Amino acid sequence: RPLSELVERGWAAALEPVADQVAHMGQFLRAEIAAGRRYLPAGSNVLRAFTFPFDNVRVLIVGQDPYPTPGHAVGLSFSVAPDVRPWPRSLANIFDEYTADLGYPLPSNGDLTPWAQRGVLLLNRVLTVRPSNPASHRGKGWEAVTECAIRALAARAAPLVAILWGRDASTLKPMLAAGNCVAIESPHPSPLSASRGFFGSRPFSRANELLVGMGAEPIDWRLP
């Protein structure tokens, strides 16, 4: 399938510069199965963050690698399928900040699809992993794809708030700071930072203050 077939219209145009790289990663995953190795998430979920409208993205949440545990990774950073229990530690931590910052009760489950619908891009820098082998697909070719995605997002004549939850600020800030209406939430605690900087970081309320300050609508963060 060409990009226009795999991702939303705006994303297919945004990702044209890395269309050969996206083809190549498809070949890599087929070669992994031939090699007798597995990957997550499911092939159908790998580009899932790019199936929500490129023009409507208001917030970027950056992760590093998909969940390594079988049955966790669903192609949106930190999300899990609605029947997954208990939550992964990172997600439990995110939901504790969610209740504290926003005053909402604990979500009913770990499915962040509503954030994706509302223009929250849940982007991992690396979109696949070998099950039970954390960070096993680093350097396989995803970094160039997700860099093109972020630079394209930054280049829009449109507001963006970046939240960095994958700790690589010195690699990510240059891709973004080259934008016109991008605010980066600093500092950069990750959800596993927990009480050493993540809890009380107010990422959700701060993103809305920053969007309203750039003349955009806030995100409705409320999960079921």
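Between two forms, the rigid core is the largest collection of C-alphas that superpose within 1.5 Å. The numbering used is simple: start at 1 and walk along the sequence shown.
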property	result
Farther-lying stretch by C-alpha RMS in 9 other deposited structures of this protein (rigid core fit) among 10 to 18, 196 to 204	196 to 204
Stretch with greater C-alpha deviation in 9 other deposited structures of this protein, 176 to 184 versus 48 to 56 (rigid core superposition)	176 to 184
Given 150 to 158 and 126 to 134, the range whose Cα B-factors average higher in the PDB entry	150 to 158
Between 164 to 172 and 188 to 196 (mean CA B-factor, as deposited), the higher	164 to 172
Among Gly75, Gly119, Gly110, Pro105 - the residue whose C-alpha B-factor is largest in the record	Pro105
Position of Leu210 among the chain's modelled residues by C-alpha B-factor, lowest, middle or highest third	lowest
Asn45 - Cα temperature factor, lowest/middle/highest third of chain	lowest
Chain-relative CA temperature factor third for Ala34	middle
Third of chain Cα B-factors occupied by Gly26	middle
Within-chain third of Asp83 by Cα B-factor, per the entry	highest
